[PDB]
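Asks: Residue numbers (this note's numbering), protein chains in the order written: chain A, 704 to 825; chain B, 704 to 825. Ideal Cβ positions, reconstructed from N, Cα and C, are used throughout, including at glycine.
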Ligand SMILES: CCCCCCCC(=O)O
Ligand SMILES: CCCCCCCC(=O)O
């Protein structure tokens with residue numbers, strides 16, 4: 704759910720997940736996908752494409768188990784879909800951390816998302 | 704769409720809409736509804752219920768025309784659904800303005816939305 708996703712992003716990046724990524728660029732947070740603004744935005748693009756493959760669980764609402772071991776996200780137990788979901792969320796948390804170097808505040812709070820160029824197919 | 708909705712909120716409140724309301728409380732921005740945190744949150748509660756009565760258009764991506772006249776939002780659609788949508792968005796913009804006096808920053812950036820108590824039927 705939004706909670707596990709946000710907590711993962713926080714644990715990896717050290718940044719409040721909702722503030723930095725809740726409405727970032729053309730792909731992060733609210734909305735669907737769009738032409739990525741930067742590398743951070745591309746993380747979210749990939750993430751949303753990851754969500755499309757899921758069958759049997761709801762990435763927005765369903766809760767799942769993971770833990771923090773040796774400063775690493777470790778997906779737990781779960782079933783087929785929740786495991787895949789957990790790994791989706793882990794991957795975007797890692798990707799966002801990896802691209803902190805080019806994170807740009809000017810892409811925060813983008814309620815102009817409807818002006819984004821249409822995203823390519825996943 | 705998110706653009707018209709954001710702009711209305713900005714025009715009424717004077718505040719960046721995505722920053723203040725993109726992930727606020729249990730009802731504003733990302734996600735569904737939940738037990739309202741405060742009056743600002745209840746505005747968004749009502750708004751999301753308003754969206755449910757819409758038929759013929761899609762509130763998240765559909766563009767529409769309104770104007771700012773005598774510092775008042777004036778909906779300019781002769782499309783029933785888009786008119787209804789416009790009025791939904793106008794009402795929440797006004798409601799948020801009216802409840803600025805109790806707006807609380809601590810409810811901003813709530814990626815803990817899944818812990819919200821379940822919302823009543825609209
Ligand atoms: C707490 C907000 C987390 C933003 C999620 C970014 C990835 C996505 O939008 O798919
Ligand atoms: C970009 C501003 C987003 C705030 C929307 C608040 C109303 C709602 O959540 O239905």
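Is the shortest distance between the beta-carbon of residue 734 of chain B and the beta-carbons of chain A less than 9 Å?
Replies: Within the second chain, the letter at position 31 stands for residue 734 of chain B. Yes, residue 734 of chain B lies at the interface with chain A (some Cβ there is under 9 Å from its Cβ).
Asks: For a contact defined as C-beta to C-beta under 7 Å, what are the partners of residue 726 of chain A on chain B?
Replies: Residue mapping note: residue 726 of chain A aligns to position 23 of the first chain, counting from 1. Within 7 Å Cβ-Cβ: 721, 725.
Asks: Using a C-beta cutoff of 9 Å, does residue 737 of chain A count as contacting chain B?
Replies: Here the question's residue 737 of chain A lines up with position 34 in the first chain. Not an interface residue.
Asks: Do residue 812 of chain B and residue 807 of chain A count as a contact pair if the criterion is CB distance below 9 Å?
Replies: Counting from one through the first chain, the residue named residue 807 of chain A turns up at place 104. Counting from one through the second chain, the residue named residue 812 of chain B turns up at place 109. Contact: no.
Asks: Tell me which residues share the same chain as residue 805 of chain B and place their Cβ nearer than 8 Å to its Cβ, disregarding the 5 neighbours each side in the sequence.
Replies: As a first step, residue 805 of chain B is located in the second chain; it is residue number 102 there, counting from the start. Same-chain partners within the cutoff: 741, 742, 743.
Asks: Closer than 8 Å: is that where the CB of residue 807 of chain B sits relative to any heavy atom of ligand 2?
Replies: Counted from its first residue, the second chain places residue 807 of chain B at position 104. The answer is no for residue 807 of chain B.
Asks: Give me the DSSP bridge partner(s) of residue 772 of chain A.
Replies: Your numbering for residue 772 of chain A matches position 69 in the first chain. In DSSP, residue 772 of chain A forms a bridge with A/775.
Asks: Under the assumption that residue 822 of chain B contacts residue 748 of chain B (Cβ atoms under 8 Å), give the Cβ distance between them as a whole number of angstroms.
Replies: Your numbering for residue 822 of chain B matches position 119 in the second chain. Your numbering for residue 748 of chain B matches position 45 in the second chain. Residue 822 of chain B to residue 748 of chain B, Cβ: 7 Å. Contact.
Asks: Using the three-state DSSP reduction, which class does residue 724 of chain A fall into: helix, strand or coil?
Replies: To locate residue 724 of chain A, count along the first chain from 1; it is residue 21. Residue state, collapsed to three classes: helix.
Asks: Nearest chain B C-beta to residue 814 of chain A closer than 9 Å, yes or no?
Replies: Your numbering for residue 814 of chain A matches position 111 in the first chain. Output row for residue 814 of chain A: interface = yes.
Asks: Nearer than 8 Å: is that true of the beta carbon of residue 793 of chain A relative to any heavy atom of ligand 1?
Replies: The residue given as residue 793 of chain A occupies position 90 in the first chain. The answer is no for residue 793 of chain A.
Asks: Please list, in chain order, the residues of the region 759–775 of chain B that have any C-beta partner in chain A closer than 8 Å.
Replies: 763, 764, 766
Asks: Give me the chain B residues within the contact set of residue 709 of chain A, using Cβ-Cβ distance strictly less than 7 Å, ordered along the chain.
Replies: Numbered from its first residue, the first chain carries residue 709 of chain A at position 6. By Cβ distance, chain B contributes 814.
Asks: Can you list, in chain order, the residues of the region 780–807 of chain A whose Cβ is nearer than 8 Å to any Cβ on chain B?
Replies: none
Asks: Compute the Euclidean distance between the alpha carbons of residue 818 of chain A and residue 715 of chain A, then round it to the nearest angstrom.
Replies: Indexing the first chain from 1 puts residue 818 of chain A at position 115. Indexing the first chain from 1 puts residue 715 of chain A at position 12. The straight-line gap from Cα to Cα measures roughly 30 Å.
Asks: Nearest chain B C-beta to residue 817 of chain A closer than 9 Å, yes or no?
Replies: Locating residue 817 of chain A in the first chain gives position 114, counting from the first residue. Yes - at least one Cβ of chain B is within 9 Å of the one on residue 817 of chain A.
Asks: Just to check, is the beta-carbon of residue 686 of chain B closer than 8 Å to a non-hydrogen atom of ligand 1?
Replies: Look at the range of chain B in this structure, 704 to 825, and you will see that residue 686 of chain B is not part of it.
Asks: Taking C-beta pairs closer than 7 Å, name the residues in chain B that residue 705 of chain A reaches, listed in chain order.
Replies: Position 2 of the first chain holds residue 705 of chain A. Neighbours of residue 705 of chain A on chain B, chain order: 733, 734, 814, 816, 817.
Asks: Can you look up residue 738 of chain B in the DSSP assignment and give me helix, strand or coil?
Replies: Here residue 738 of chain B refers to the residue found at position 35 when the second chain is read from its first residue. Correct three-state label for residue 738 of chain B: coil.
Asks: Pull up the distance between the alpha-carbon of residue 793 of chain A and that of residue 725 of chain B, whole angstroms please.
Replies: Position 90 of the first chain holds residue 793 of chain A. Position 22 of the second chain holds residue 725 of chain B. So the two alpha carbons sit approximately 23 Å from each other.
Asks: Please report the distance separating the alpha-carbon of residue 705 of chain A from that of residue 815 of chain B.
Replies: Counted from its first residue, the first chain places residue 705 of chain A at position 2. Counted from its first residue, the second chain places residue 815 of chain B at position 112. Going by the C-alpha atoms only, they are around 7 Å apart.
Asks: How should residue 739 of chain A be labelled, buried or exposed, when 16 other C-beta atoms within 10 angstroms of its C-beta is the threshold for buried?
Replies: If you number the first chain from 1, residue 739 of chain A lands on position 36. Buried: at least 16 other Cβ atoms inside 10 Å.
Asks: I need the DSSP call for residue 716 of chain A, collapsed to helix, strand or coil.
Replies: Translated into the one-based positions of the first chain, residue 716 of chain A becomes position 13. Reduced to three states, the DSSP call for residue 716 of chain A is helix.
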